[PDB]
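Following: one structure in structure tokens, then a few remarks.
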Amino acid sequence: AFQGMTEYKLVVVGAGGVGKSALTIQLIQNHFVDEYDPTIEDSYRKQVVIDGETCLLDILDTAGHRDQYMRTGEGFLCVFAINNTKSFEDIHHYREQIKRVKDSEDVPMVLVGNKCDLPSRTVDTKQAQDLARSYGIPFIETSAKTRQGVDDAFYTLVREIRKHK
Amino acid sequence: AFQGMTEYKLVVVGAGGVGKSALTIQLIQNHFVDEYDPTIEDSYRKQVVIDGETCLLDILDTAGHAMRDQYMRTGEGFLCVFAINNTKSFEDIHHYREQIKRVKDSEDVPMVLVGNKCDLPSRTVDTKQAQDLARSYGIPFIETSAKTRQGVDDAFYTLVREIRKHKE
Amino acid sequence: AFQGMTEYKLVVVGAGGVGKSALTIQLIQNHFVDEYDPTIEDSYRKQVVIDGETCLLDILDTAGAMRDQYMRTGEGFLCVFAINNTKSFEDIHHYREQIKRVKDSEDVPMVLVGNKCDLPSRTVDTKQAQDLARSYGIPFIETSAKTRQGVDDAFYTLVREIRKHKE
Amino acid sequence: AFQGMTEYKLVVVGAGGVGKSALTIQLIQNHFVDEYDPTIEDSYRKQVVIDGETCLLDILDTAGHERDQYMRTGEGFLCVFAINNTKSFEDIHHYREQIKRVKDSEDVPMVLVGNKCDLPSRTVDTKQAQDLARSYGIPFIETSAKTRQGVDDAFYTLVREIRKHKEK
Amino acid sequence: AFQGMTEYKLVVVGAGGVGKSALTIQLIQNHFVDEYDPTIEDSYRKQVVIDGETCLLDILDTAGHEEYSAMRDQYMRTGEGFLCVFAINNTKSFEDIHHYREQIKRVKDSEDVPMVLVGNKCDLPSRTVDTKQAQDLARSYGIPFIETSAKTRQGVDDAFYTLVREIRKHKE
Amino acid sequence: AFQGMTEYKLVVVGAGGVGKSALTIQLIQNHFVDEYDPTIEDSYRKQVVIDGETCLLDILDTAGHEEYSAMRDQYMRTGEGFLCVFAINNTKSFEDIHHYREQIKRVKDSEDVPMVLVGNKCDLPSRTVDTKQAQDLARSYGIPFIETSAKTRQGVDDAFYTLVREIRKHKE
Ligand SMILES: Nc1nc2c(ncn2[C@@H]2O[C@H](COP(=O)(O)OP(=O)(O)NP(=O)(O)O)[C@@H](O)[C@H]2O)c(=O)[nH]1
Ligand SMILES: Nc1nc2c(ncn2[C@@H]2O[C@H](COP(=O)(O)OP(=O)(O)NP(=O)(O)O)[C@@H](O)[C@H]2O)c(=O)[nH]1
Ligand SMILES: Nc1nc2c(ncn2[C@@H]2O[C@H](COP(=O)(O)OP(=O)(O)NP(=O)(O)O)[C@@H](O)[C@H]2O)c(=O)[nH]1
Ligand SMILES: Nc1nc2c(ncn2[C@@H]2O[C@H](COP(=O)(O)OP(=O)(O)NP(=O)(O)O)[C@@H](O)[C@H]2O)c(=O)[nH]1
Ligand SMILES: Nc1nc2c(ncn2[C@@H]2O[C@H](COP(=O)(O)OP(=O)(O)NP(=O)(O)O)[C@@H](O)[C@H]2O)c(=O)[nH]1
Ligand SMILES: Nc1nc2c(ncn2[C@@H]2O[C@H](COP(=O)(O)OP(=O)(O)NP(=O)(O)O)[C@@H](O)[C@H]2O)c(=O)[nH]1
Ligand SMILES: COc1cc(-c2cccc3c2OCCO3)ccc1Nc1cccc(CN(C)C)c1
Ligand SMILES: COc1cc(-c2cccc3c2OCCO3)ccc1Nc1cccc(CN(C)C)c1
Ligand SMILES: COc1cc(-c2cccc3c2OCCO3)ccc1Nc1cccc(CN(C)C)c1
Ligand SMILES: COc1cc(-c2cccc3c2OCCO3)ccc1Nc1cccc(CN(C)C)c1
Ligand SMILES: [Mg+2]
Ligand SMILES: [Mg+2]
Ligand SMILES: [Mg+2]
Ligand SMILES: [Mg+2]
Ligand SMILES: [Mg+2]
Ligand SMILES: [Mg+2]
């Protein structure tokens, strides 16, 4: 018996202020949050259709500065801001922490370069694509403000989870 | 901030063979199950719109006969099911209602009375009797058939409305 | 890469006047057709969600070598009789045989449908129809195009049978 | 030019107690109302897809015994009788006449609805009702607000009749 | 008894040529109107789900400059919520916002009317109104501010959905 | 009797690398394709609601450069509407639009074919084709013009939905 639609547990990680909450809230509520209210832990849920399969996204929005939610997640959005080189260098640390806690090389993951609407770009697309090619994962540019790439990022993660299953 | 649609935990209880599973599967899959496969415990989930609110129904299908006390404490609302061709199942209703009230330590638990198999000609429980039982408990009564689908949506949607009323 | 929803080809067969068209029109338009207008061939399409998969049902409504054509094309068959017509129930065996010959296979996705279950003049017992279906290895469903009982179930069950046969 | 989905104003008329409200509430809420609470005037709204066109149904549920206002506003009328009440069937002629006078027209979109077709106490034969409907040039549908039989069909058929009357 | 989904009456106001119609048509039809066809009065309707509640938006698209003022006072009395739109490349339209807000407050005889400030045409390069200025104006009124572009669709849903949330808050 | 939703056959044409596949994939999967995988012929399908009518879009994604093919002329005769795509940073692709339009008119033997002009890659800073120029070209052909970006998703839905509206107009 089918017992209800497929459920995917997604976790959004990355440095303080890169736009993890803004991305998530733009997905769930179609709203851009302008304030910076630091997060402890928040949970969201949304039903969507991706490639003709109905599914339920459970989304965990994490704090910038834990082992529990890394063990629960099936897929991770690894977010940096394209105007903050430090947040991009930190990506390697988030990826390592996820791999240790799940004890696995092959974890579904997507690299997300957020704030692509800002004119102060310090991380080149080619650099981020290279980093992603080296990890074997997709890369997507987003803006929580304009909504560019937001759906794509979360839907691409879902496709990665499907492939890994 | 809204964090996702409202979730309702529904538990279907009643005697062996009244059609608890058949009702639930007819709601989830639009399928009538003809076989009688006795249930231990099964969990289902469905998104629906009731009175303009989108919600997620988590539905626990229970066995006819401490794991029991667990799900009674978790559930927010109960479908109490009997079969209209089985007078025993109708008399047992009062026992299920009492067990739920003891475990939740409450008089006012959201509940709906469901008289299933209303498509069968061998009726032994009168509608008026069942309506009286329900009036005495202060809860709605609905006749259903998992076979024809009559009243199935109504039963589960009415339960959700009862849960909403109890939360104001 | 996903390029659009999955499509399923369903064929409704059975004797004249059992309610093949009435069933189909009740599925597509939520309308009971009271008139009996005999069919040559009609095609319908509907999008639905079954078990969380969005799909497109292409439905061929048949008449009571153009016949061999649609048997080769269909992935699944609703075999319909009327519960008040014993002849239509005996004819089921003939439709099933013709389908198995044309597809050269024992295991073709199929559902047995006993229609007009709202009428009081029942001449085919449920148990008999269930036995026939158990012998063929296929599901049996009672329907009424008039009350709508079992209509969705019949078509959706057929789609599930097609899915099982494709794994 | 498109400003939002097409809107249809439907009016449900007929004698007291034939099930005008029960039909409407079964359409809107998937709920059978067992109590008889007489209506003054109630308004309902539902978005549906009929023949691939999205539309908004505005539905006016009327009182058995009261009017000219809502007959002028309506684009289509469900004329309801109960199949176990011969009087309600004879009254149909009066509702149809009143509608034709107020709209000053022979060709008003209309559907004849024989409700309570789940009851065994039938006093109006289907053939009689079909003849009445054939004489008026309108469809006839048997419904039960209890089992839900024919409910969607009645309202959707009325919408199709309104569409047909507008292409000229 | 529930009788059908909740209905919200939204009114889009602001100076001539700010993009009131373009915003509305982008919401209803997913179409950018490039032509500038001045509006008299137009009505639109759309069903949407916001925060899990299904609702029906009735949307009144108004004229920049009103011919006669009684027809203006009519729709201000009917509306439950107002999108107050200026164009970020037209400082005059931004200064006019204050006047639309005042007229609405007088006609509804209330300080706390559901309202959203909308800075439209944020895709254009000739920006003359700074974001910070508009945010300050909105903070002073106690209402949300959203940047939109009817062309790119940025912020369009957000503007209308945020207005509905403001109406809900005012009704509790 | 209604037998199922209306079906529209749409063909996407234009020079190599303008973003015909990227547009189509962004419509179907909400995904931006960054890689450039040249197309021979690909078929897509999507159900949408446009102006309250549910429809099924059958979409044929064509090759940039193809010598004469009879198999190519086949599907151009079957197609009911054409998206004519150029890239706003490639003046050659804009000049080629005239050639696609001529080929379509010859194969359909008709002046009045439903068609939409699409200027893609409007997110790039290397613009060489002005909006006004493209609007003038489109006004001369009697067809709509839409700026799109498969990357940002701007105008994507609008392009395909506008084509469907053009097909509807041509059928009345
Ligand atoms: N322009 C622009 N600003 C953005 C974008 N995403 C987030 N912001 C802004 O960046 C700031 C921080 O966003 P926030 O969502 O709180 O980031 P965070 O990763 O969740 N922070 P934390 O780890 O403390 O929870 C906010 O002021 C927000 O409005 C974007 O894509 N574009
Ligand atoms: N005619 C008819 N038969 C029904 C209906 N509902 C259930 N049945 C039949 O009655 C039997 C029991 O159904 P089932 O759901 O297994 O009962 P249950 O309450 O789940 N039993 P248990 O407690 O063992 O899990 C099955 O044979 C089923 O087909 C109905 O509404 N009408
Ligand atoms: N009472 C009742 N009548 C039905 C039912 N199904 C079909 N009918 C009636 O039976 C007649 C035959 O229905 P129809 O669908 O035309 O049968 P068919 O199998 O398509 N005939 P054919 O093979 O000629 O195309 C119609 O008058 C219809 O109203 C049902 O489930 N209940
Ligand atoms: N068995 C059966 N009972 C029905 C049906 N429809 C309505 N009833 C019952 O008949 C009674 C009257 O129903 P109601 O909807 O109030 O009729 P009404 O035409 O609206 N009355 P009024 O004109 O005063 O507003 C109620 O007790 C209702 O439960 C039906 O289709 N089947
Ligand atoms: N680039 C760009 N142009 C826009 C935007 N919004 C509107 N326009 C353009 O600005 C012009 C005015 O738009 P319109 O919606 O008619 O404005 P209005 O506020 O309704 N005018 P009126 O008050 O007379 O009815 C049109 O040419 C339109 O295309 C936008 O967000 N970006
Ligand atoms: N920046 C930007 N790049 C785009 C856009 N659309 C397409 N591209 C890029 O342009 C390249 C070509 O895209 P594609 O859709 O394959 O072009 P095509 O017209 O289908 N090519 P062909 O005719 O050979 O099949 C890709 O690398 C793609 O990422 C856009 O709107 N913006
Ligand atoms: C919070 O989770 C539930 C909670 C309930 C629920 C409802 C009511 C009472 C309960 C419940 O669960 C714990 C004990 O008490 C029911 C279902 C679920 N969940 C669910 C969703 C989809 C599929 C499945 C099937 N599993 C077994 C593979 C399950
Ligand atoms: C692949 O085509 C079909 C195939 C089938 C189909 C199903 C099963 C077997 C078949 C079939 O086709 C011919 C013979 O073999 C049924 C429907 C269709 N298609 C269809 C699509 C939209 C609208 C309509 C209605 N027409 C009359 C405009 C039809
Ligand atoms: C209740 O009526 C409305 C009310 C309002 C409305 C909203 C807000 C304020 C108002 C309003 O009406 C008049 C003055 O004040 C807006 C729309 C409508 N209705 C509407 C819906 C879809 C399409 C059309 C256009 N037709 C006639 C072609 C109309
Ligand atoms: C007849 O259907 C089409 C028609 C067209 C179409 C559109 C435009 C022009 C055409 C067309 O086809 C015939 C020649 O001219 C395009 C797509 C389709 N259909 C479609 C789309 C996606 C997937 C499938 C199943 N297979 C291919 C995996 C089918
Ligand atoms: Mg945060
Ligand atoms: Mg069970
Ligand atoms: Mg037929
Ligand atoms: Mg009433
Ligand atoms: Mg305007
Ligand atoms: Mg390509």
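Residue numbering restarts at 1 in every chain; chains get A, B, ... in the order shown in the structure tokens, and ligands count up from 1 in that same order.
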* Identify, on the basis of only C-alpha atoms, every residue whose closest approach to region 94-109 of chain A does not exceed 8 Å; exclude the query and any residue fewer than 2 positions from it along the same chain; express the result as a list in words. => residues 13, 14, 67, 70, 71, 74, 75, 76, 77, 78, 90, 91, 92, 111, 137, 138, 157, 160, 161 and 164 of chain A
What are the residues of chain F lining chain E at 12 Å or less? Count only C-alpha atoms, and put the answer as a PDB file with N, CA, C and O atoms, in the first residue's frame.
```pdb
ATOM      1  N   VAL F  48      -0.977  23.329 -18.033  1.00  0.00           N
ATOM      2  CA  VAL F  48      -1.028  24.644 -17.408  1.00  0.00           C
ATOM      3  C   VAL F  48      -2.464  25.156 -17.495  1.00  0.00           C
ATOM      4  O   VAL F  48      -3.272  24.644 -18.265  1.00  0.00           O
ATOM      5  N   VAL F  49      -2.737  26.214 -16.753  1.00  0.00           N
ATOM      6  CA  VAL F  49      -3.983  26.968 -16.847  1.00  0.00           C
ATOM      7  C   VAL F  49      -3.619  28.345 -17.370  1.00  0.00           C
ATOM      8  O   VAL F  49      -2.822  29.029 -16.774  1.00  0.00           O
ATOM      9  N   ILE F  50      -4.238  28.757 -18.455  1.00  0.00           N
ATOM     10  CA  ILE F  50      -4.037  30.059 -19.050  1.00  0.00           C
ATOM     11  C   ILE F  50      -5.403  30.666 -19.263  1.00  0.00           C
ATOM     12  O   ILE F  50      -6.217  30.094 -19.999  1.00  0.00           O
ATOM     13  N   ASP F  51      -5.657  31.814 -18.647  1.00  0.00           N
ATOM     14  CA  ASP F  51      -6.960  32.502 -18.785  1.00  0.00           C
ATOM     15  C   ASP F  51      -8.140  31.600 -18.401  1.00  0.00           C
ATOM     16  O   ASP F  51      -9.157  31.583 -19.059  1.00  0.00           O
ATOM     17  N   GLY F  52      -7.951  30.835 -17.342  1.00  0.00           N
ATOM     18  CA  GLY F  52      -8.952  29.896 -16.874  1.00  0.00           C
ATOM     19  C   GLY F  52      -9.165  28.624 -17.678  1.00  0.00           C
ATOM     20  O   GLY F  52      -9.983  27.812 -17.255  1.00  0.00           O
ATOM     21  N   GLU F  53      -8.479  28.422 -18.807  1.00  0.00           N
ATOM     22  CA  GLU F  53      -8.608  27.182 -19.573  1.00  0.00           C
ATOM     23  C   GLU F  53      -7.397  26.287 -19.299  1.00  0.00           C
ATOM     24  O   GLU F  53      -6.270  26.680 -19.464  1.00  0.00           O
ATOM     25  N   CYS F 122      18.502  38.167 -21.205  1.00  0.00           N
ATOM     26  CA  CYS F 122      18.400  39.563 -20.768  1.00  0.00           C
ATOM     27  C   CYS F 122      19.079  39.842 -19.414  1.00  0.00           C
ATOM     28  O   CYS F 122      19.180  40.960 -19.008  1.00  0.00           O
ATOM     29  N   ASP F 123      19.522  38.812 -18.711  1.00  0.00           N
ATOM     30  CA  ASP F 123      20.395  38.966 -17.525  1.00  0.00           C
ATOM     31  C   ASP F 123      21.859  39.306 -17.837  1.00  0.00           C
ATOM     32  O   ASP F 123      22.599  39.630 -16.922  1.00  0.00           O
ATOM     33  N   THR F 131      16.225  46.754 -26.923  1.00  0.00           N
ATOM     34  CA  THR F 131      14.806  46.494 -26.783  1.00  0.00           C
ATOM     35  C   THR F 131      13.964  47.190 -27.847  1.00  0.00           C
ATOM     36  O   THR F 131      13.129  46.532 -28.489  1.00  0.00           O
ATOM     37  N   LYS F 132      14.201  48.489 -28.063  1.00  0.00           N
ATOM     38  CA  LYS F 132      13.417  49.246 -29.041  1.00  0.00           C
ATOM     39  C   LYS F 132      13.516  48.649 -30.439  1.00  0.00           C
ATOM     40  O   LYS F 132      12.536  48.576 -31.153  1.00  0.00           O
ATOM     41  N   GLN F 135      11.431  45.475 -30.407  1.00  0.00           N
ATOM     42  CA  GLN F 135      10.008  45.853 -30.437  1.00  0.00           C
ATOM     43  C   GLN F 135       9.575  46.325 -31.798  1.00  0.00           C
ATOM     44  O   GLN F 135       8.464  46.013 -32.208  1.00  0.00           O
ATOM     45  N   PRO F 144       3.791  39.759 -30.772  1.00  0.00           N
ATOM     46  CA  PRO F 144       4.339  40.265 -29.507  1.00  0.00           C
ATOM     47  C   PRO F 144       5.856  39.991 -29.380  1.00  0.00           C
ATOM     48  O   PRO F 144       6.400  39.080 -30.012  1.00  0.00           O
ATOM     49  N   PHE F 145       6.488  40.763 -28.519  1.00  0.00           N
ATOM     50  CA  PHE F 145       7.862  40.642 -28.143  1.00  0.00           C
ATOM     51  C   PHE F 145       7.961  40.464 -26.638  1.00  0.00           C
ATOM     52  O   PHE F 145       7.357  41.200 -25.920  1.00  0.00           O
ATOM     53  N   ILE F 146       8.792  39.543 -26.170  1.00  0.00           N
ATOM     54  CA  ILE F 146       9.030  39.364 -24.764  1.00  0.00           C
ATOM     55  C   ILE F 146      10.528  39.166 -24.499  1.00  0.00           C
ATOM     56  O   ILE F 146      11.168  38.392 -25.202  1.00  0.00           O
ATOM     57  N   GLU F 147      11.070  39.868 -23.499  1.00  0.00           N
ATOM     58  CA  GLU F 147      12.410  39.635 -22.993  1.00  0.00           C
ATOM     59  C   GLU F 147      12.402  38.565 -21.932  1.00  0.00           C
ATOM     60  O   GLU F 147      11.575  38.588 -21.037  1.00  0.00           O
ATOM     61  N   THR F 148      13.351  37.645 -22.035  1.00  0.00           N
ATOM     62  CA  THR F 148      13.405  36.520 -21.122  1.00  0.00           C
ATOM     63  C   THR F 148      14.825  36.323 -20.652  1.00  0.00           C
ATOM     64  O   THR F 148      15.784  36.775 -21.294  1.00  0.00           O
ATOM     65  N   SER F 149      14.908  35.590 -19.550  1.00  0.00           N
ATOM     66  CA  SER F 149      16.133  35.002 -19.099  1.00  0.00           C
ATOM     67  C   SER F 149      15.844  33.603 -18.572  1.00  0.00           C
ATOM     68  O   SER F 149      15.153  33.459 -17.580  1.00  0.00           O
ATOM     69  N   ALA F 150      16.355  32.585 -19.222  1.00  0.00           N
ATOM     70  CA  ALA F 150      16.243  31.244 -18.706  1.00  0.00           C
ATOM     71  C   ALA F 150      16.940  31.100 -17.370  1.00  0.00           C
ATOM     72  O   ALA F 150      16.629  30.170 -16.610  1.00  0.00           O
ATOM     73  N   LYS F 151      17.901  31.978 -17.084  1.00  0.00           N
ATOM     74  CA  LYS F 151      18.635  31.913 -15.825  1.00  0.00           C
ATOM     75  C   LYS F 151      17.847  32.462 -14.671  1.00  0.00           C
ATOM     76  O   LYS F 151      17.699  31.786 -13.656  1.00  0.00           O
ATOM     77  N   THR F 152      17.335  33.670 -14.794  1.00  0.00           N
ATOM     78  CA  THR F 152      16.533  34.240 -13.722  1.00  0.00           C
ATOM     79  C   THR F 152      15.093  33.814 -13.761  1.00  0.00           C
ATOM     80  O   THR F 152      14.335  34.094 -12.839  1.00  0.00           O
ATOM     81  N   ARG F 153      14.677  33.197 -14.859  1.00  0.00           N
ATOM     82  CA  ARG F 153      13.286  32.816 -15.098  1.00  0.00           C
ATOM     83  C   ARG F 153      12.391  33.955 -15.545  1.00  0.00           C
ATOM     84  O   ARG F 153      11.230  33.734 -15.829  1.00  0.00           O
ATOM     85  N   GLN F 154      12.916  35.158 -15.678  1.00  0.00           N
ATOM     86  CA  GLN F 154      12.099  36.266 -16.105  1.00  0.00           C
ATOM     87  C   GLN F 154      11.490  35.977 -17.481  1.00  0.00           C
ATOM     88  O   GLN F 154      12.181  35.550 -18.400  1.00  0.00           O
ATOM     89  N   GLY F 155      10.204  36.237 -17.597  1.00  0.00           N
ATOM     90  CA  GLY F 155       9.473  36.140 -18.842  1.00  0.00           C
ATOM     91  C   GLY F 155       9.245  34.748 -19.429  1.00  0.00           C
ATOM     92  O   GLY F 155       8.647  34.632 -20.478  1.00  0.00           O
ATOM     93  N   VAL F 156       9.670  33.691 -18.758  1.00  0.00           N
ATOM     94  CA  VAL F 156       9.599  32.357 -19.343  1.00  0.00           C
ATOM     95  C   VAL F 156       8.164  31.880 -19.517  1.00  0.00           C
ATOM     96  O   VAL F 156       7.756  31.476 -20.617  1.00  0.00           O
ATOM     97  N   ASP F 157       7.403  31.901 -18.433  1.00  0.00           N
ATOM     98  CA  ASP F 157       5.993  31.521 -18.474  1.00  0.00           C
ATOM     99  C   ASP F 157       5.286  32.429 -19.469  1.00  0.00           C
ATOM    100  O   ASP F 157       4.585  31.964 -20.364  1.00  0.00           O
ATOM    101  N   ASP F 158       5.505  33.728 -19.328  1.00  0.00           N
ATOM    102  CA  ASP F 158       4.895  34.725 -20.175  1.00  0.00           C
ATOM    103  C   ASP F 158       5.088  34.409 -21.667  1.00  0.00           C
ATOM    104  O   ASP F 158       4.158  34.544 -22.449  1.00  0.00           O
ATOM    105  N   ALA F 159       6.281  34.015 -22.057  1.00  0.00           N
ATOM    106  CA  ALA F 159       6.535  33.722 -23.466  1.00  0.00           C
ATOM    107  C   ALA F 159       5.653  32.585 -24.009  1.00  0.00           C
ATOM    108  O   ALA F 159       5.031  32.743 -25.081  1.00  0.00           O
ATOM    109  N   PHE F 160       5.603  31.470 -23.266  1.00  0.00           N
ATOM    110  CA  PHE F 160       4.840  30.335 -23.705  1.00  0.00           C
ATOM    111  C   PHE F 160       3.319  30.619 -23.604  1.00  0.00           C
ATOM    112  O   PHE F 160       2.560  30.227 -24.514  1.00  0.00           O
ATOM    113  N   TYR F 161       2.892  31.312 -22.550  1.00  0.00           N
ATOM    114  CA  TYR F 161       1.477  31.615 -22.374  1.00  0.00           C
ATOM    115  C   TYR F 161       0.998  32.625 -23.399  1.00  0.00           C
ATOM    116  O   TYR F 161      -0.102  32.505 -23.914  1.00  0.00           O
ATOM    117  N   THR F 162       1.831  33.633 -23.690  1.00  0.00           N
ATOM    118  CA  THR F 162       1.509  34.585 -24.745  1.00  0.00           C
ATOM    119  C   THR F 162       1.362  33.874 -26.098  1.00  0.00           C
ATOM    120  O   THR F 162       0.423  34.151 -26.849  1.00  0.00           O
ATOM    121  N   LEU F 163       2.227  32.901 -26.387  1.00  0.00           N
ATOM    122  CA  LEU F 163       2.066  32.174 -27.640  1.00  0.00           C
ATOM    123  C   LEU F 163       0.725  31.469 -27.711  1.00  0.00           C
ATOM    124  O   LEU F 163       0.061  31.501 -28.740  1.00  0.00           O
ATOM    125  N   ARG F 165      -2.079  32.303 -26.185  1.00  0.00           N
ATOM    126  CA  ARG F 165      -3.079  33.335 -26.461  1.00  0.00           C
ATOM    127  C   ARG F 165      -3.106  33.740 -27.912  1.00  0.00           C
ATOM    128  O   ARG F 165      -4.176  33.969 -28.455  1.00  0.00           O
TER     129      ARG F 165
END
```
Quick one: contact table of chain A to ligand 11, 6 Å max, nearest atom pair and distance in Å to one decimal per residue, counting only C-alpha atoms and all ligand atoms, chain and number order, as a Markdown table?
```
| residue | atom | partner | partner_atom_place_in_ligand_line | distance |
| --- | --- | --- | --- | --- |
| A:20 | CA | ligand 11 | 1 (Mg) | 5.3 |
| A:21 | CA | ligand 11 | 1 (Mg) | 4.0 |
| A:38 | CA | ligand 11 | 1 (Mg) | 5.2 |
| A:39 | CA | ligand 11 | 1 (Mg) | 4.2 |
| A:63 | CA | ligand 11 | 1 (Mg) | 5.9 |
```
Put those residues in a file: C-alpha atoms, as an mmCIF file, in the first residue's frame.
```
data_model
loop_
_atom_site.group_PDB
_atom_site.id
_atom_site.type_symbol
_atom_site.label_atom_id
_atom_site.label_comp_id
_atom_site.auth_asym_id
_atom_site.auth_seq_id
_atom_site.Cartn_x
_atom_site.Cartn_y
_atom_site.Cartn_z
ATOM 1 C CA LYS A 20 19.779 30.544 4.877
ATOM 2 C CA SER A 21 16.550 31.797 6.443
ATOM 3 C CA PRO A 38 19.740 35.270 13.855
ATOM 4 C CA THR A 39 18.306 31.755 13.932
ATOM 5 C CA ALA A 63 22.244 28.660 12.920
#
```
* Determine which residues of region 14-144 of chain B receive a DSSP assignment of strand (DSSP E), computed from the backbone, and state them as a ChimeraX atom specification. => /B:14,41-50,53-62,77-83,111-116,141-143
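Among the candidates B:55, B:10, B:15, B:33, the one nearest to chain C when counting only C-alpha atoms is B:33.
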* All residues within 10 Å of ligand 10 are required, counting only C-alpha atoms and all ligand atoms; please report them as a PyMOL selection string. => (chain C and resi 2-7) or (chain F and resi 7-12+41-46+56-62+71-82)
Show me, as a compact mmCIF listing (two decimals) with C-alpha atoms, in the first residue's frame, the residues of chain A whose atoms get within 8 Å of chain F, using only C-alpha atoms for the distance check.
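Result file follows (result.txt):
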```txt
# COMPACT_ATOMS: atom_id res chain seq x y z
CA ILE A 50 8.90 17.72 -8.76
CA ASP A 51 9.23 15.68 -11.96
CA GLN A 148 16.18 33.70 -8.65
CA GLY A 149 17.18 30.05 -8.34
CA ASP A 151 13.00 26.71 -6.27
CA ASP A 152 15.78 25.29 -8.40
CA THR A 156 17.79 20.05 -7.38
```
* Asked: Do you know which residues are within 7 Å of ligand 1 using only C-alpha atoms and all ligand atoms? Can you write them as a ChimeraX atom specification?
  -> /A:14-23,32-40,62-65,114-118,142-145
* To do: Pick out the chain C residues within 9 Å of chain B. Count only C-alpha atoms. Give them as JSON, numbers by chain.
  => {"C": [50, 51, 141, 142, 143, 147, 148, 149, 150, 152, 153, 154, 156, 157]}
Writing out the chosen residues with C-alpha atoms as a PDB file, in the first residue's frame:
```
ATOM      1  CA  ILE C  50      -2.449   8.324  -8.385  1.00  0.00           C
ATOM      2  CA  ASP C  51      -0.163   7.342  -5.484  1.00  0.00           C
ATOM      3  CA  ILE C 141     -14.623  -4.201  -8.603  1.00  0.00           C
ATOM      4  CA  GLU C 142     -18.372  -3.469  -8.451  1.00  0.00           C
ATOM      5  CA  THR C 143     -19.352  -0.186 -10.006  1.00  0.00           C
ATOM      6  CA  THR C 147     -24.124   6.466  -8.360  1.00  0.00           C
ATOM      7  CA  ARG C 148     -20.424   6.777  -9.206  1.00  0.00           C
ATOM      8  CA  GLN C 149     -19.569   3.910  -6.887  1.00  0.00           C
ATOM      9  CA  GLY C 150     -16.229   2.312  -7.721  1.00  0.00           C
ATOM     10  CA  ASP C 152     -12.367   6.068  -9.830  1.00  0.00           C
ATOM     11  CA  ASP C 153     -11.295   2.875  -8.104  1.00  0.00           C
ATOM     12  CA  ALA C 154     -11.644   0.861 -11.319  1.00  0.00           C
ATOM     13  CA  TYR C 156      -6.942   3.805 -10.674  1.00  0.00           C
ATOM     14  CA  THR C 157      -6.650   0.112  -9.860  1.00  0.00           C
TER      15      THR C 157
END
```
* Excluding residue 3 (chain A) and residues on its chain fewer than 2 positions from it, collect all residues at most 7 Å away from it, counting only C-alpha atoms, and give them as an MDAnalysis selection string. => (chainID A and resid 1) or (chainID B and resid 43:45)
* 7 Å shell around ligand 15 using only C-alpha atoms and all ligand atoms, listed as a PyMOL selection string -> chain E and resi 17+19-21+37-39+61-63
* Do a neighbour search on residue 163 (chain B) at 9 Å with only C-alpha atoms, toss out local chain neighbours closer than 3 positions, and write the hits as number ranges by chain. => B: 8, 76-77, 109-111, 158-160, 166-167
* To do: Could you give me the residues within 8 Å of ligand 3, counting only C-alpha atoms and all ligand atoms, as a PyMOL selection string?
  => chain C and resi 13-24+32-40+61-64+80+82+115-119+143-148
* Structure fact -> Taken to one decimal, the atom 1 (N, counted along the ligand's line) of ligand 4-CA of residue 109 (chain D) distance is 27.2 Å
* Counting only C-alpha atoms, which residues of chain B come no farther than 12 Å from chain D, as number ranges by chain? -> B: 49-52, 118-119, 127-128, 131, 140-145, 148-159, 161
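With only C-alpha atoms taken into account, the protein and nucleic acid residues at most 9 Å from residue 3 (chain E) (excluding it and anything under 2 positions from it in its own chain) are residues 51 of chain B; 25, 28, 29, 42, 43, 44, 45 and 46 of chain D; 1, 5 and 6 of chain E.
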Give me the chain D side of the contact with chain C, cut-off 7 Å, one line per residue showing its nearest atom pair and distance in Å at one decimal, counting only C-alpha atoms, sorted by chain and residue number, as a Markdown table.
```
| residue | atom | partner | partner_atom | distance |
| --- | --- | --- | --- | --- |
| D:51 | CA | C:29 | CA | 6.9 |
| D:149 | CA | C:147 | CA | 5.1 |
| D:150 | CA | C:147 | CA | 6.9 |
| D:152 | CA | C:30 | CA | 6.9 |
| D:153 | CA | C:31 | CA | 5.3 |
```
